[PDB]
Structure formats: structure tokens, C-alpha cells
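In what follows, chains are A, B, ... by sequence order, proteins preceding strands, each numbered from 1. Quick note: numbers below take in every heavy atom, side chains included, and nothing from hydrogens, waters or symmetry partners.
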Amino acid sequence: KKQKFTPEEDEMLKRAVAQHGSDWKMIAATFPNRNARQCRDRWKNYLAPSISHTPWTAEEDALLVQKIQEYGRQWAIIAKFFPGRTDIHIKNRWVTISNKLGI
DNA sequence: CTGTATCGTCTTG
DNA sequence: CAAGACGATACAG
């Protein structure tokens, strides 16, 4: 039920975006196998240049716990304070932290 | 079993 | 009618 992007697909996605910008319908059609939502999500949350791939710092965790006390579970709002992370990363991180904290 | 990328679905633009 | 948003879920390791 999960069709995860392979490194090959990611590179193609990159090229397609370099070529067609933000025309997701058109970028998707370059795949036999992928829709607009899938490419849009993959770019926006994983491949865009601004996305951070470095592990969460202690200070980021601290900011997350602070921001949750402040905003509740409004992940997109909270993600504004994390330069290279999106709501996806912020909410995943909280599931993991709260788990290790004893939910 | 856990951590996390994807997906169902609702909401907003 | 596309894109944003969030909970749930698949699934690798």
C-alpha cells in the first residue's frame, strides 16, 4: 500500500522540477507510476533544496516542546520556526519524542 | 518492536 | 481542482 520514492525516482523528480518548475500535473506525467500529489509531496517535504537532512539538535527538540505547549498540535504553524523542516517532520518528531517520554 | 515516508481525507485557497 | 493540513498506517530494519 506504500509506494516509496527510490533514489532513481528522486533524481528524475529533481530534473522534472528543474524543467517544469511547479507544474505538478506535467511533472507527474513524466512518470508512468506517480501522480501530481505524490511528486508535489515528495519535493515539498524531502527534495526541495531548503529541506534539512541533518539530525534533530537538542535545541530543536527544546523548541518543539516549547512550541507545542504554546500552539498545541498545529504542526504547520509550528514548522514556521524550523528553517529546513516541514509539518511532516515536526509531527513525526513529536510522535517519537512523546513515545520516548512515555506518551 | 520502533521510527518515519506515504496516504486517506478533510480543509483551505 | 490544486494545495495545505493532520491522523493513521505500512513497512524497513
Side-chain angles (χ1 to χ4, degrees):
Chain A
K1 283 175 198 164
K2 302 293 189 195
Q3 193 192 345
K4 290 192 181 190
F5 276 72
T6 70
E8 293 64 30
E9 302 191 281
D10 287 345
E11 259 308 324
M12 306 178 198
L13 221 195
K14 287 172 164 181
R15 290 182 179 100
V17 162
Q19 180 167 174
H20 306 104
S22 67
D23 187 346
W24 300 112
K25 189 193 156 187
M26 181 154 65
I27 286 163
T30 83
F31 293 86
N33 225 357
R34 297 290 186 179
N35 66 35
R37 189 257 173 114
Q38 286 175 312
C39 303
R40 188 178 56 232
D41 276 1
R42 183 64 188 160
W43 175 257
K44 178 184 201 295
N45 298 299
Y46 297 91
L47 302 188
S50 64
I51 300 301
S52 168
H53 304 282
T54 77
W56 277 69
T57 64
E59 294 95 339
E60 279 178 302
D61 287 342
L63 183 63
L64 179 58
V65 304
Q66 181 191 278
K67 288 292 164 192
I68 287 167
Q69 290 170 91
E70 180 172 355
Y71 291 104
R73 298 173 68 87
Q74 301 184 92
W75 311 122
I77 285 177
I78 287 174
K80 287 305 199 173
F81 301 95
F82 294 78
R85 330 214 84 127
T86 71
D87 60 303
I88 293 308
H89 314 313
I90 271 47
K91 83 172 187 219
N92 279 341
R93 182 66 189 176
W94 171 246
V95 169
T96 297
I97 279 183
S98 68
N99 242 290
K100 302 167 89 190
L101 255 330
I103 315 98

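The CG-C1' distance, from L101(A) to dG3(B), rounds to 15 Å in whole Å. Distance, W43(A) CH2 to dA3(C) P: 15 Å, rounded to whole Å. Between the CG atom of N92(A) and the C1' atom of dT9(C) there is a distance of 12 Å, given to the nearest Å. If you measure from atom CZ of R37(A) to atom P of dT9(B), you get 11 Å, rounded to the nearest angstrom. Distance, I78(A) CD1 to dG4(C) P: 19 Å, rounded to whole Å. Look at CD on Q74(A): it is 18 Å from P on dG4(C), rounded to the nearest Å. Atom pair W75(A):CH2 and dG7(C):P shows a separation of 7 Å (rounding to whole Å applied). Separating the NZ atom of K4(A) from the P atom of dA12(C) is a distance of 7 Å, rounded to the nearest angstrom.
Within 4.0 Å of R93(A), counting heavy atoms only, lies no atom of the nucleic acid at all. Among the protein residues, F5(A) comes within range of the sugar-phosphate backbone only, with heavy atoms under 4.0 Å from sugar or phosphate atoms but none that close to a base.
Side-chain N/O atoms of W94(A) include none lying less than 4.0 angstrom from OP1 or OP2 on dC6(C). Residue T96(A) places at least one side-chain N or O under 4.0 Å from the OP1 or OP2 atom of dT4(B).
Remark on DNA chain C: of its neighbouring residues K1(A) and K25(A), the 5'-side contact belongs to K25(A), judged by nearest-heavy-atom nucleotide. Two residues, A36(A) and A76(A), neighbour DNA chain C, and the one matched to the more 5' nucleotide by heavy-atom proximity is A36(A).
Each of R42(A), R15(A), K4(A), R34(A) was checked for a salt bridge (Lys or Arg N to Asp or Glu O under 4.0 Å) with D10(A), and the lone residue meeting it is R42(A).
Comparing atom distances between the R42(A) side chain and each of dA5(B), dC6(C), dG3(B) picks out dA5(B) as nearest. Listed nucleotides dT4(B), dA5(C), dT6(B) differ in distance to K2(A); the shortest reach to its side chain belongs to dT6(B).
Panel note: side chain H89(A), backbone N45(A); a donor-acceptor pair is recorded below 3.5 Å. A donor-acceptor distance shorter than 3.5 angstrom exists from the side chain of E9(A) to the backbone of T6(A), with no hydrogens or angles considered.
The base of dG4(C) is not paired with the side chain of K44(A) by any donor and acceptor separated by under 3.5 Å.
A salt bridge does not link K91(A) to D87(A): none of the charged side-chain nitrogens sits closer than 4.0 Å to a carboxylate oxygen. We find that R93(A) and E60(A) are not joined by a salt bridge, their nearest charged nitrogen and carboxylate oxygen being 4.0 Å or further apart.
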